[PDB]
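Source file work20.csv; content: CSV, C-alpha atoms and all ligand atoms.
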chain,number,residue,atom,x,y,z
A,21,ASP,CA,-62.4,35.0,23.4
A,22,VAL,CA,-65.2,36.3,21.2
A,23,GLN,CA,-67.6,38.4,23.2
A,24,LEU,CA,-70.9,40.1,22.4
A,25,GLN,CA,-72.9,42.8,24.2
A,26,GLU,CA,-76.5,44.0,23.9
A,27,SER,CA,-77.9,47.2,25.4
A,28,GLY,CA,-80.6,49.8,24.8
A,29,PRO,CA,-82.6,52.7,26.1
A,30,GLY,CA,-85.2,50.3,27.6
A,31,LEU,CA,-87.6,53.0,28.9
A,32,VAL,CA,-87.8,56.8,28.5
A,33,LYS,CA,-90.8,59.1,28.2
A,34,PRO,CA,-93.4,57.4,26.1
A,35,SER,CA,-94.2,57.6,22.4
A,36,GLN,CA,-90.5,57.0,21.3
A,37,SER,CA,-88.5,54.5,19.3
A,38,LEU,CA,-86.4,51.9,21.0
A,39,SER,CA,-83.0,51.5,19.3
A,40,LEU,CA,-81.5,48.3,20.8
A,41,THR,CA,-77.8,48.0,20.2
A,42,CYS,CA,-76.0,44.7,19.5
A,43,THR,CA,-72.3,44.4,18.9
A,44,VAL,CA,-69.5,41.9,19.0
A,45,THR,CA,-65.9,42.4,20.2
A,46,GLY,CA,-62.9,40.1,19.7
A,47,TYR,CA,-64.1,38.9,16.3
A,48,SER,CA,-64.8,40.1,12.8
A,49,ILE,CA,-68.3,41.4,12.3
A,50,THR,CA,-69.1,41.1,8.6
A,51,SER,CA,-67.5,37.8,7.4
A,52,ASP,CA,-70.7,35.2,7.0
A,53,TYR,CA,-73.6,34.1,8.9
A,54,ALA,CA,-77.0,34.6,10.6
A,55,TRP,CA,-78.0,37.3,13.1
A,56,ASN,CA,-81.4,36.6,14.7
A,57,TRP,CA,-83.6,38.7,16.9
A,58,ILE,CA,-85.4,36.6,19.6
A,59,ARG,CA,-88.4,37.6,21.8
A,60,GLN,CA,-89.5,35.7,24.9
A,61,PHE,CA,-92.6,36.4,27.1
A,62,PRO,CA,-92.7,35.5,30.9
A,63,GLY,CA,-95.0,32.6,29.9
A,64,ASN,CA,-91.9,30.7,28.9
A,65,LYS,CA,-92.5,30.6,25.2
A,66,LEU,CA,-90.3,31.8,22.3
A,67,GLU,CA,-90.9,33.3,18.8
A,68,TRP,CA,-88.9,34.7,15.9
A,69,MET,CA,-88.6,38.1,14.3
A,70,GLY,CA,-85.8,38.3,11.8
A,71,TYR,CA,-82.3,37.4,10.5
A,72,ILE,CA,-79.5,39.4,8.9
A,73,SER,CA,-76.2,38.2,7.4
A,74,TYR,CA,-73.2,39.7,6.2
A,75,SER,CA,-74.3,38.1,2.9
A,76,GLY,CA,-76.8,41.0,3.0
A,77,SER,CA,-79.7,38.5,3.2
A,78,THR,CA,-82.6,39.7,5.4
A,79,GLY,CA,-85.7,37.8,6.6
A,80,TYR,CA,-88.5,39.1,8.8
A,81,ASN,CA,-92.0,38.1,9.9
A,82,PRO,CA,-94.7,39.2,7.4
A,83,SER,CA,-96.9,40.4,10.3
A,84,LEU,CA,-94.2,42.1,12.3
A,85,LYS,CA,-92.3,44.0,9.5
A,86,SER,CA,-94.4,47.1,10.2
A,87,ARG,CA,-92.2,48.9,12.8
A,88,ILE,CA,-88.9,47.0,12.9
A,89,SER,CA,-85.8,48.6,11.4
A,90,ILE,CA,-82.4,47.1,11.3
A,91,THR,CA,-79.8,49.8,11.0
A,92,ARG,CA,-76.0,49.9,10.7
A,93,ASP,CA,-73.3,51.6,12.7
A,94,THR,CA,-69.9,51.4,11.1
A,95,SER,CA,-67.5,52.5,13.8
A,96,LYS,CA,-67.7,49.0,15.2
A,97,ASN,CA,-70.4,47.6,12.9
A,98,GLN,CA,-73.1,47.3,15.5
A,99,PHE,CA,-76.7,46.7,14.5
A,100,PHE,CA,-79.7,48.6,15.9
A,101,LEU,CA,-83.3,47.5,16.3
A,102,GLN,CA,-85.7,50.5,15.9
A,103,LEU,CA,-89.2,49.8,17.1
A,104,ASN,CA,-92.0,52.2,18.1
A,105,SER,CA,-93.3,52.6,21.7
A,106,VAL,CA,-91.7,51.5,25.0
A,107,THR,CA,-93.5,50.9,28.3
A,108,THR,CA,-93.1,48.9,31.5
A,109,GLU,CA,-96.0,46.5,32.0
A,110,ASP,CA,-95.4,44.3,28.9
A,111,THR,CA,-92.0,43.2,30.2
A,112,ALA,CA,-90.5,40.8,27.7
A,113,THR,CA,-86.9,39.7,27.1
A,114,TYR,CA,-85.1,40.2,23.8
A,115,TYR,CA,-81.9,38.6,22.5
A,116,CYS,CA,-79.5,39.1,19.6
A,117,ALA,CA,-77.8,36.0,18.5
A,118,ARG,CA,-75.3,35.2,15.8
A,119,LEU,CA,-75.6,31.6,14.6
A,120,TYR,CA,-74.7,29.1,11.9
A,121,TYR,CA,-76.6,29.7,8.7
A,122,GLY,CA,-79.9,27.9,8.1
A,123,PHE,CA,-81.4,28.5,11.6
A,124,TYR,CA,-79.5,25.2,12.2
A,125,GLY,CA,-76.7,25.9,14.7
A,126,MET,CA,-77.4,28.5,17.4
A,127,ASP,CA,-73.7,29.2,18.1
A,128,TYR,CA,-74.2,32.2,20.3
A,129,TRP,CA,-77.1,33.7,22.3
A,130,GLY,CA,-78.1,37.0,23.8
A,131,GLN,CA,-78.3,37.9,27.5
A,132,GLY,CA,-81.8,39.4,27.3
A,133,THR,CA,-83.1,42.9,27.5
A,134,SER,CA,-86.3,44.4,28.8
A,135,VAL,CA,-88.5,45.4,25.8
A,136,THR,CA,-92.3,46.0,26.0
A,137,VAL,CA,-95.2,46.2,23.6
A,138,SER,CA,-98.1,48.0,25.3
B,347,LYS,CA,-50.4,33.6,-7.8
B,348,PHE,CA,-49.4,30.6,-5.6
B,349,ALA,CA,-52.4,31.3,-3.3
B,350,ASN,CA,-52.7,28.5,-0.7
B,351,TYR,CA,-56.3,27.5,-0.3
B,352,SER,CA,-58.0,25.1,2.1
B,353,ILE,CA,-60.7,22.6,1.5
B,354,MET,CA,-63.6,22.0,3.8
B,355,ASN,CA,-65.5,18.7,4.2
B,356,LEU,CA,-69.1,19.2,5.3
B,357,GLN,CA,-69.2,16.9,8.4
B,358,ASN,CA,-72.8,17.1,9.6
B,359,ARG,CA,-73.2,20.8,8.8
B,360,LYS,CA,-69.8,21.7,10.2
B,361,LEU,CA,-66.6,23.5,9.0
B,362,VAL,CA,-63.8,20.9,9.0
B,363,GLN,CA,-60.6,21.4,6.9
B,364,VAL,CA,-59.4,18.2,5.3
B,365,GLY,CA,-56.6,19.6,3.1
B,366,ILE,CA,-54.5,22.6,2.1
B,367,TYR,CA,-53.7,23.5,-1.5
B,368,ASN,CA,-50.1,24.8,-1.4
B,369,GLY,CA,-50.4,26.5,-4.8
B,370,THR,CA,-49.2,23.4,-6.7
B,371,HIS,CA,-50.6,20.4,-4.7
B,372,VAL,CA,-53.5,19.7,-2.3
B,373,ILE,CA,-52.0,17.9,0.7
B,374,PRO,CA,-55.0,16.3,2.5
B,375,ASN,CA,-55.5,15.9,6.3
B,376,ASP,CA,-56.2,12.8,8.4
B,377,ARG,CA,-59.9,13.4,8.3
B,378,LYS,CA,-61.9,11.1,6.0
B,379,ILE,CA,-63.9,12.5,3.1
B,380,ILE,CA,-67.7,12.7,3.6
B,381,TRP,CA,-69.4,12.1,0.3
B,382,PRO,CA,-73.0,12.9,-0.7
B,383,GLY,CA,-75.4,10.1,0.3
B,384,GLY,CA,-73.7,9.7,3.7
B,385,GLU,CA,-70.7,7.7,2.5
B,386,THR,CA,-67.0,7.8,3.5
B,387,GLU,CA,-65.7,5.6,0.7
B,388,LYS,CA,-64.7,7.3,-2.6
B,389,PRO,CA,-67.2,7.1,-5.5
B,390,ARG,CA,-65.7,7.2,-9.0
B,391,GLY,CA,-67.8,9.2,-11.4
B,392,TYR,CA,-67.4,7.4,-14.7
B,393,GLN,CA,-70.3,4.9,-14.6
B,394,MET,CA,-70.9,3.2,-18.0
B,395,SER,CA,-74.2,3.0,-19.8
C,21,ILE,CA,-99.9,23.1,12.6
C,22,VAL,CA,-99.1,23.1,16.3
C,23,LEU,CA,-95.8,22.1,17.9
C,24,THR,CA,-95.7,20.6,21.4
C,25,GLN,CA,-93.5,19.0,24.0
C,26,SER,CA,-94.6,16.2,26.2
C,27,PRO,CA,-94.8,16.4,29.1
C,28,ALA,CA,-94.7,19.7,30.9
C,29,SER,CA,-93.9,18.2,34.4
C,30,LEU,CA,-92.6,14.6,34.1
C,31,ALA,CA,-91.1,12.2,36.6
C,32,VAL,CA,-87.3,12.3,36.4
C,33,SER,CA,-85.1,10.2,38.6
C,34,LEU,CA,-81.4,9.3,38.6
C,35,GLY,CA,-79.7,6.8,36.3
C,36,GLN,CA,-82.4,5.9,33.7
C,37,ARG,CA,-83.4,7.6,30.4
C,38,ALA,CA,-85.6,10.6,30.3
C,39,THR,CA,-87.9,10.9,27.3
C,40,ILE,CA,-89.0,14.3,26.1
C,41,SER,CA,-91.4,14.1,23.1
C,42,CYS,CA,-91.0,17.0,20.6
C,43,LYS,CA,-94.0,16.7,18.3
C,44,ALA,CA,-93.6,18.9,15.3
C,45,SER,CA,-96.6,19.0,12.9
C,46,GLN,CA,-94.5,19.8,9.8
C,47,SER,CA,-92.4,17.2,8.0
C,48,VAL,CA,-88.9,18.0,9.4
C,49,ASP,CA,-86.9,15.5,7.4
C,50,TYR,CA,-85.2,17.2,4.5
C,51,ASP,CA,-83.0,15.2,2.0
C,52,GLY,CA,-82.4,12.7,4.7
C,53,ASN,CA,-81.7,15.2,7.5
C,54,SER,CA,-83.9,16.3,10.3
C,55,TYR,CA,-82.9,19.7,11.6
C,56,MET,CA,-83.2,19.4,15.4
C,57,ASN,CA,-81.7,21.5,18.1
C,58,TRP,CA,-82.1,21.1,21.9
C,59,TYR,CA,-81.0,23.8,24.3
C,60,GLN,CA,-81.3,24.8,27.9
C,61,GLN,CA,-82.5,28.0,29.6
C,62,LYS,CA,-83.3,29.5,32.9
C,63,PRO,CA,-85.7,32.5,33.5
C,64,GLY,CA,-83.6,35.5,32.6
C,65,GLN,CA,-80.5,33.4,31.9
C,66,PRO,CA,-78.7,33.4,28.5
C,67,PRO,CA,-79.7,30.2,26.6
C,68,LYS,CA,-77.0,27.8,25.6
C,69,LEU,CA,-77.3,25.2,22.8
C,70,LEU,CA,-77.2,21.7,24.4
C,71,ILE,CA,-77.2,19.4,21.4
C,72,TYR,CA,-77.5,19.8,17.6
C,73,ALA,CA,-78.8,17.4,14.9
C,74,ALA,CA,-79.9,15.1,17.7
C,75,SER,CA,-77.0,12.7,16.8
C,76,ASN,CA,-73.8,14.8,16.6
C,77,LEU,CA,-71.7,15.3,19.7
C,78,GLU,CA,-71.6,18.8,21.1
C,79,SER,CA,-68.2,19.9,22.5
C,80,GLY,CA,-68.4,20.0,26.3
C,81,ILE,CA,-71.1,17.5,27.2
C,82,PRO,CA,-70.9,13.7,26.9
C,83,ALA,CA,-73.4,11.3,25.3
C,84,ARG,CA,-75.8,11.6,28.3
C,85,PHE,CA,-78.0,13.7,25.9
C,86,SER,CA,-79.2,12.4,22.6
C,87,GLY,CA,-82.1,12.7,20.1
C,88,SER,CA,-84.1,10.1,18.1
C,89,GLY,CA,-87.1,10.1,15.9
C,90,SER,CA,-88.0,11.5,12.5
C,91,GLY,CA,-90.5,13.7,10.7
C,92,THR,CA,-93.4,14.5,12.9
C,93,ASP,CA,-91.9,13.0,16.1
C,94,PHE,CA,-88.6,13.5,18.0
C,95,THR,CA,-87.3,12.4,21.3
C,96,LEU,CA,-84.8,14.0,23.6
C,97,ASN,CA,-83.3,11.0,25.5
C,98,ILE,CA,-81.3,11.8,28.6
C,99,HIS,CA,-79.4,8.6,29.3
C,100,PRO,CA,-78.3,8.7,32.1
C,101,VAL,CA,-79.8,11.6,34.1
C,102,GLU,CA,-78.2,14.0,36.6
C,103,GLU,CA,-79.7,16.3,39.2
C,104,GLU,CA,-78.7,19.7,37.8
C,105,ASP,CA,-80.6,19.0,34.5
C,106,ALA,CA,-83.5,20.9,36.0
C,107,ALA,CA,-84.0,23.7,33.4
C,108,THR,CA,-86.4,24.9,30.7
C,109,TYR,CA,-85.4,22.7,27.7
C,110,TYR,CA,-86.5,23.8,24.2
C,111,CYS,CA,-86.6,21.8,21.0
C,112,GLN,CA,-86.2,23.8,17.8
C,113,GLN,CA,-86.6,22.9,14.1
C,114,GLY,CA,-84.3,24.3,11.5
C,115,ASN,CA,-85.7,23.2,8.2
C,116,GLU,CA,-87.1,26.5,6.9
C,117,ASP,CA,-89.7,29.2,7.7
C,118,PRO,CA,-91.5,29.4,10.1
C,119,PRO,CA,-89.0,29.2,12.9
C,120,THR,CA,-91.4,27.7,15.5
C,121,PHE,CA,-90.8,27.5,19.2
C,122,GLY,CA,-91.0,24.1,20.9
C,123,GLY,CA,-92.9,23.3,24.1
C,124,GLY,CA,-90.0,24.5,26.3
C,125,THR,CA,-90.7,21.8,28.9
C,126,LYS,CA,-89.3,22.5,32.4
C,127,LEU,CA,-87.4,19.6,34.1
C,128,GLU,CA,-88.6,19.1,37.7
C,129,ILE,CA,-86.8,16.9,40.2
C,130,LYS,CA,-88.7,14.4,42.3
D,199,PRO,CA,-79.0,33.4,-13.2
D,200,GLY,CA,-82.2,33.8,-11.3
D,201,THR,CA,-84.1,31.1,-13.3
D,202,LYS,CA,-87.3,29.7,-11.7
D,203,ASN,CA,-87.4,26.2,-13.4
D,204,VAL,CA,-84.3,24.3,-14.6
D,205,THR,CA,-85.4,20.9,-13.3
D,206,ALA,CA,-85.4,19.6,-16.9
D,207,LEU,CA,-81.9,21.0,-17.3
D,208,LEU,CA,-80.7,18.9,-14.4
D,209,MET,CA,-82.5,16.0,-16.0
D,210,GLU,CA,-80.4,16.1,-19.1
D,211,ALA,CA,-77.4,16.7,-16.8
D,212,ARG,CA,-78.2,13.3,-15.2
D,213,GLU,CA,-78.7,11.9,-18.7
D,214,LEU,CA,-74.9,12.3,-19.1
D,215,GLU,CA,-72.7,9.2,-18.6
D,216,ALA,CA,-70.4,10.8,-16.0
D,217,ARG,CA,-71.3,11.1,-12.3
D,218,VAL,CA,-69.2,14.2,-11.4
D,219,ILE,CA,-70.9,17.6,-11.1
D,220,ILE,CA,-69.3,20.9,-10.4
D,221,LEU,CA,-70.8,24.3,-9.8
D,222,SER,CA,-70.0,28.0,-10.1
D,223,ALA,CA,-72.8,30.5,-9.5
D,224,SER,CA,-74.2,33.1,-7.0
D,225,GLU,CA,-75.5,32.4,-3.5
D,226,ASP,CA,-79.2,32.6,-4.3
D,227,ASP,CA,-78.8,30.7,-7.6
D,228,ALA,CA,-76.8,28.0,-5.8
D,229,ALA,CA,-79.6,27.8,-3.2
D,230,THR,CA,-82.2,27.3,-5.9
D,231,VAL,CA,-80.2,24.7,-7.8
D,232,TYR,CA,-79.5,22.9,-4.5
D,233,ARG,CA,-83.2,22.8,-3.8
D,234,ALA,CA,-83.9,21.5,-7.3
D,235,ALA,CA,-81.2,18.8,-7.0
D,236,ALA,CA,-82.4,17.7,-3.6
D,237,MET,CA,-86.0,17.5,-4.8
D,238,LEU,CA,-84.9,15.4,-7.8
D,239,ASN,CA,-82.6,12.9,-6.1
D,240,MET,CA,-79.5,14.6,-7.8
D,241,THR,CA,-77.6,14.6,-4.5
D,242,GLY,CA,-77.4,10.9,-4.2
D,243,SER,CA,-74.4,8.6,-4.0
D,244,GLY,CA,-71.8,8.6,-6.7
D,245,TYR,CA,-72.6,12.2,-7.7
D,246,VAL,CA,-69.5,13.8,-6.2
D,247,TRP,CA,-69.9,17.5,-5.5
D,248,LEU,CA,-67.2,20.1,-5.9
D,249,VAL,CA,-68.2,23.8,-5.6
D,250,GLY,CA,-66.5,27.2,-5.3
D,251,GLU,CA,-66.3,29.7,-2.5
D,252,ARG,CA,-69.3,31.7,-3.7
D,253,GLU,CA,-71.6,28.8,-2.9
D,254,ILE,CA,-70.2,27.0,0.2
D,255,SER,CA,-71.9,29.6,2.4
D,256,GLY,CA,-74.5,32.3,2.2
D,257,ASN,CA,-78.1,31.5,1.3
D,258,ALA,CA,-77.1,28.2,-0.4
D,259,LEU,CA,-75.5,26.9,2.8
D,260,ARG,CA,-79.0,26.0,4.3
D,261,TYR,CA,-80.0,23.9,1.3
D,262,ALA,CA,-76.5,22.7,0.8
D,263,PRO,CA,-76.6,18.9,0.4
D,264,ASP,CA,-74.5,16.6,2.6
D,265,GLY,CA,-71.0,15.7,1.3
D,266,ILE,CA,-70.2,19.1,-0.2
D,267,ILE,CA,-66.5,19.6,-0.6
D,268,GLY,CA,-65.8,23.3,-0.6
D,269,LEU,CA,-62.7,25.6,-0.9
D,270,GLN,CA,-61.7,28.9,0.7
D,271,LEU,CA,-58.8,31.2,1.0
D,272,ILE,CA,-56.9,31.2,4.3
D,273,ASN,CA,-57.3,34.4,6.2
D,274,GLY,CA,-59.4,35.8,3.4
D,275,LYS,CA,-60.8,38.5,5.7
D,276,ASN,CA,-58.0,39.5,8.1
D,277,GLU,CA,-57.6,43.0,6.6
D,278,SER,CA,-54.7,44.2,8.8
D,279,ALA,CA,-52.2,41.7,7.2
D,280,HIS,CA,-53.6,42.5,3.7
D,281,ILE,CA,-53.1,46.2,4.1
D,282,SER,CA,-49.7,45.8,5.8
D,283,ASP,CA,-48.4,43.7,2.9
D,284,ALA,CA,-49.9,46.2,0.4
D,285,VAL,CA,-48.2,49.1,2.1
D,286,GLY,CA,-44.9,47.2,2.1
D,287,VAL,CA,-45.1,46.4,-1.6
D,288,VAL,CA,-46.2,49.9,-2.7
D,289,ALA,CA,-43.5,51.5,-0.6
D,290,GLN,CA,-40.9,49.2,-2.0
D,291,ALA,CA,-42.1,50.0,-5.6
D,292,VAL,CA,-42.1,53.7,-4.9
D,293,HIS,CA,-38.6,53.7,-3.4
D,294,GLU,CA,-37.2,51.5,-6.2
D,295,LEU,CA,-38.8,53.7,-8.9
D,296,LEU,CA,-37.7,57.0,-7.5
D,297,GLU,CA,-34.1,55.6,-7.0
E,1,LIG,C1,-90.7,23.4,-16.1
E,1,LIG,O1,-90.0,23.6,-17.3
E,1,LIG,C2,-90.3,22.7,-18.4
E,1,LIG,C3,-89.4,23.0,-19.6
E,1,LIG,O2,-88.1,22.6,-19.2
E,1,LIG,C4,-91.8,22.9,-18.7
E,1,LIG,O3,-92.2,22.0,-19.8
E,1,LIG,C5,-92.7,22.7,-17.5
E,1,LIG,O4,-94.0,23.0,-17.8
E,1,LIG,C6,-92.2,23.7,-16.4
E,1,LIG,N1,-93.0,23.4,-15.2
E,1,LIG,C7,-93.1,24.4,-14.3
E,1,LIG,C8,-94.0,24.2,-13.0
E,1,LIG,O5,-92.6,25.5,-14.4
E,2,LIG,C1,-85.6,9.3,-4.7
E,2,LIG,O1,-85.2,8.1,-4.2
E,2,LIG,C2,-86.1,7.5,-3.1
E,2,LIG,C3,-85.4,6.2,-2.7
E,2,LIG,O2,-84.9,5.5,-3.8
E,2,LIG,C4,-87.5,7.3,-3.7
E,2,LIG,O3,-88.3,6.8,-2.7
E,2,LIG,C5,-88.0,8.6,-4.3
E,2,LIG,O4,-89.3,8.4,-4.9
E,2,LIG,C6,-87.0,9.2,-5.3
E,2,LIG,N1,-87.5,10.5,-5.8
E,2,LIG,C7,-88.1,10.6,-7.0
E,2,LIG,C8,-88.5,12.0,-7.3
E,2,LIG,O5,-88.3,9.7,-7.7
E,3,LIG,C1,-55.6,38.4,12.3
E,3,LIG,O1,-56.4,39.4,13.0
E,3,LIG,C2,-56.1,39.5,14.4
E,3,LIG,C3,-57.0,40.5,14.9
E,3,LIG,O2,-56.5,41.2,16.0
E,3,LIG,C4,-54.6,39.9,14.5
E,3,LIG,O3,-54.3,39.9,15.9
E,3,LIG,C5,-53.7,38.8,13.8
E,3,LIG,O4,-52.4,39.3,13.9
E,3,LIG,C6,-54.2,38.7,12.4
E,3,LIG,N1,-53.3,37.7,11.7
E,3,LIG,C7,-52.4,38.0,10.8
E,3,LIG,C8,-51.6,36.8,10.3
E,3,LIG,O5,-52.1,39.1,10.5
Transcribe the structure of this file into structure tokens.
Ligand SMILES: *[C@@H]1O[C@H](CO)[C@@H](O)[C@H](O)[C@H]1NC(C)=O
Ligand SMILES: *[C@@H]1O[C@H](CO)[C@@H](O)[C@H](O)[C@H]1NC(C)=O
Ligand SMILES: *[C@@H]1O[C@H](CO)[C@@H](O)[C@H](O)[C@H]1NC(C)=O
Amino acid sequence: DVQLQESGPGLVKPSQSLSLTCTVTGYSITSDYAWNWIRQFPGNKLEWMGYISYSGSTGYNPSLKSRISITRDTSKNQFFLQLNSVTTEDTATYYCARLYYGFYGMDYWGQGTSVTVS
Amino acid sequence: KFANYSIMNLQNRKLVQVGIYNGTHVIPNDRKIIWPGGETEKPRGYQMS
Amino acid sequence: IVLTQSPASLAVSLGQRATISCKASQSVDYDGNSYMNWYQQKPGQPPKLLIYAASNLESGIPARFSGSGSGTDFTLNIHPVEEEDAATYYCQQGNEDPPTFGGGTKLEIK
Amino acid sequence: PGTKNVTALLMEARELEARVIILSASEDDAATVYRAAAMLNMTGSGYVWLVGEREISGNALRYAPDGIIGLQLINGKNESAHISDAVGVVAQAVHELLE
């Protein structure tokens, strides 16, 4: 069936840019849709960063657009989140999820990856 | 020419096919037609004044 | 402009209805539609969408889960209740920006 | 396209005797016109809605009113079959022409 996988560098020597990789196998990548980045803190609360379609539409937080880059890789059409600075203490989980447009139907979800802001 | 289309009825923000256009005719499916205003009976748009 | 879930640790037994109150400050109801989603999660577990629109059946789970209310208030009704329902449940609006997290109430078993 | 205020335009649209409305525009323009129609009670009963492929999805899909009847092309993205058929037809044409 349609499968997705998320990975990333996670942690290397400091003062670097995380490039978290999200891709989907078994299904077409760039037909319609919403692709959301999701951030969760061990305090059990969620929040939103941004969405990208195939329509080309993009939407991000006004206060968080500073150091977030959504980049393309065409060999399989996987999308990369570039963000500055990775550490260990600020252990938070990140998800990439394709979903029905309008933030309405969360069709798929991410598995979660360790990303830190500290 | 003769492209065979499909028609989608928005059933509570969902993708449901209710008919196939065979290039000359639109053969519908068994699913009822969901009309604007939350109705399933057919409105006829020729209301007099 | 705060969004909450009531309560964090409620009394849940077997067979009755369980009422989770998703209070959203904004006016959710758009053109006669309130964009609600309820989903489950575990710490470190991939979330899965439990129910959508609060009134449309989700493929895989019977009518035990439902949602009522309008505008400022909404209610996840678990009727009846089972034991494995212990999870972090989240209510999410879908009308427009801002995408605002719900209370994410954790279901405890008595 | 890209207009910021056509509420009055939909007003004379509703002034018309008929109750059938049909659209063909871009995704963002369709989203804006759907917002205008929803905020002006133009999505009510009787007003049957038929729209094209360009506006049954994309940005307009969020503000899409209930009861939208859309159309699409079957397998409009499966490129392997498209390119296989194109290769077949072009090879047939080349063979027949050179013969
Ligand atoms: C909307 O457009 C009408 C003309 O059709 C104009 O009279 C009115 O002032 C405009 N209002 C706004 C908020 O643009
Ligand atoms: C739309 O219709 C409803 C119900 O008839 C009414 O309450 C509302 O005022 C109408 N909207 C406008 C802009 O008149
Ligand atoms: C549609 O794409 C899938 C992708 O592998 C392929 O297996 C299938 O044969 C395609 N359908 C047609 C009709 O070519």
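Those protein and nucleic acid residues that have any atom within 9 Å of ligand LIG 3 (chain E) are, using only C-alpha atoms and all ligand atoms, residues 46, 47 and 48 of chain A; 273, 275, 276, 277, 278, 279, 280 and 282 of chain D.
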Ligand LIG 2 (chain E) neighbours within 7 Å using only C-alpha atoms and all ligand atoms, as a PDB file with C-alpha atoms, in the frame of the given file:
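Output below, filename part.pdb:
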ATOM      1  CA  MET D 237     -86.000  17.500  -4.800  1.00  0.00           C
ATOM      2  CA  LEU D 238     -84.900  15.400  -7.800  1.00  0.00           C
ATOM      3  CA  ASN D 239     -82.600  12.900  -6.100  1.00  0.00           C
TER       4      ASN D 239
END
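Residues from chain B found within 9 Å of chain D are residues 349, 350, 351, 352, 353, 354, 355, 356, 357, 358, 359, 379, 380, 381, 382, 383, 384, 385, 388, 389, 390, 391, 392, 393, 394 and 395 of chain B, counting only C-alpha atoms.
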Could you list, as number ranges by chain, all the residues within 7 Å of ligand LIG 1 (chain E), counting all atoms listed in the file?
D: 203-207
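Atom to atom, atom CA of residue 115 of chain C and atom CA of residue 210 of chain D stand 28.7 Å apart.
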Mind running chain C against chain D at 9 Å and telling me each contacting residue's nearest atom pair with the distance in Å (one decimal), counting only C-alpha atoms, chain and number ascending, as a tab-separated table?
residue	atom	partner	partner_atom	distance
C:50	CA	D:236	CA	8.6
C:51	CA	D:236	CA	6.2
C:53	CA	D:264	CA	8.8
C:115	CA	D:260	CA	8.2
C:116	CA	D:260	CA	8.5
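Shortest atom-to-atom contact with residue 66 of chain C among C:31, C:45, C:108, C:23: C:108, counting all atoms listed in the file.
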For the interface of chain C with chain A (cut-off 8 Å, counting all atoms listed in the file), please tabulate each contacting residue of chain C alongside its nearest pair of atoms and their separation in Å to one decimal, rows sorted by chain and increasing number, as a Markdown table.
| residue | atom | partner | partner_atom | distance |
| --- | --- | --- | --- | --- |
| C:55 | CA | A:124 | CA | 6.5 |
| C:56 | CA | A:124 | CA | 7.6 |
| C:57 | CA | A:124 | CA | 7.3 |
| C:63 | CA | A:64 | CA | 7.9 |
| C:64 | CA | A:132 | CA | 6.8 |
| C:65 | CA | A:131 | CA | 6.7 |
| C:66 | CA | A:131 | CA | 4.6 |
| C:67 | CA | A:129 | CA | 6.1 |
| C:68 | CA | A:129 | CA | 6.8 |
| C:69 | CA | A:126 | CA | 6.3 |
| C:72 | CA | A:125 | CA | 6.8 |
| C:113 | CA | A:124 | CA | 7.7 |
| C:114 | CA | A:124 | CA | 4.9 |
| C:115 | CA | A:122 | CA | 7.5 |
| C:116 | CA | A:122 | CA | 7.4 |
| C:119 | CA | A:68 | CA | 6.3 |
| C:120 | CA | A:67 | CA | 6.5 |
| C:121 | CA | A:66 | CA | 5.3 |
| C:122 | CA | A:66 | CA | 7.9 |
| C:123 | CA | A:65 | CA | 7.4 |
| C:124 | CA | A:65 | CA | 6.7 |
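The two atoms in question, atom CA of residue 221 of chain D and atom CA of residue 258 of chain D, are spaced 12.0 Å apart.
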Against chain B, which residues of chain C fall within 9 Å? For each one I want the closest pair of atoms and the distance in Å (one decimal), counting all atoms listed in the file, rows by chain and increasing residue number, as CSV.
residue,atom,partner,partner_atom,distance
C:52,CA,B:383,CA,8.7
C:73,CA,B:358,CA,8.0
C:76,CA,B:358,CA,7.4
Could you take the residues named above and write them with C-alpha atoms, as a PDB file, keeping the file's coordinate frame?
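Resulting contents of part-v2.pdb:
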ATOM      1  CA  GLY C  52     -82.400  12.700   4.700  1.00  0.00           C
ATOM      2  CA  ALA C  73     -78.800  17.400  14.900  1.00  0.00           C
ATOM      3  CA  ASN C  76     -73.800  14.800  16.600  1.00  0.00           C
TER       4      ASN C  76
END
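Here atom CA of residue 75 of chain A and atom CA of residue 38 of chain A stand 25.8 Å from one another.
With all atoms listed in the file as the basis for measurement, A:120 is the residue among A:43, A:137, A:120, A:34 that approaches chain B most closely.
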Considering only C-alpha atoms, state which residue in the set A:50, A:98, A:89, A:134 is at the smallest distance from chain D.
A:50
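If all atoms listed in the file are the atoms counted, then among D:234, D:256, D:248, D:199 the closest residue to chain A is D:256.
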Neighbouring residues of residue 106 of chain A were defined as those with any atom within 10 Å, considering only C-alpha atoms; residues of the same chain fewer than 6 positions away were excluded. Please report them as a ChimeraX atom specification.
/A:29-38,134-138
Using only C-alpha atoms, determine which residues lie at most 7 Å from segment 84-91 of chain C, disregarding the query and same-chain residues fewer than 3 positions distant; provide the list as number ranges by chain.
C: 47-49, 54, 74-75, 94-100
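With distances restricted to all atoms listed in the file, B:360 is the closest residue to chain A from B:378, B:347, B:360, B:371.
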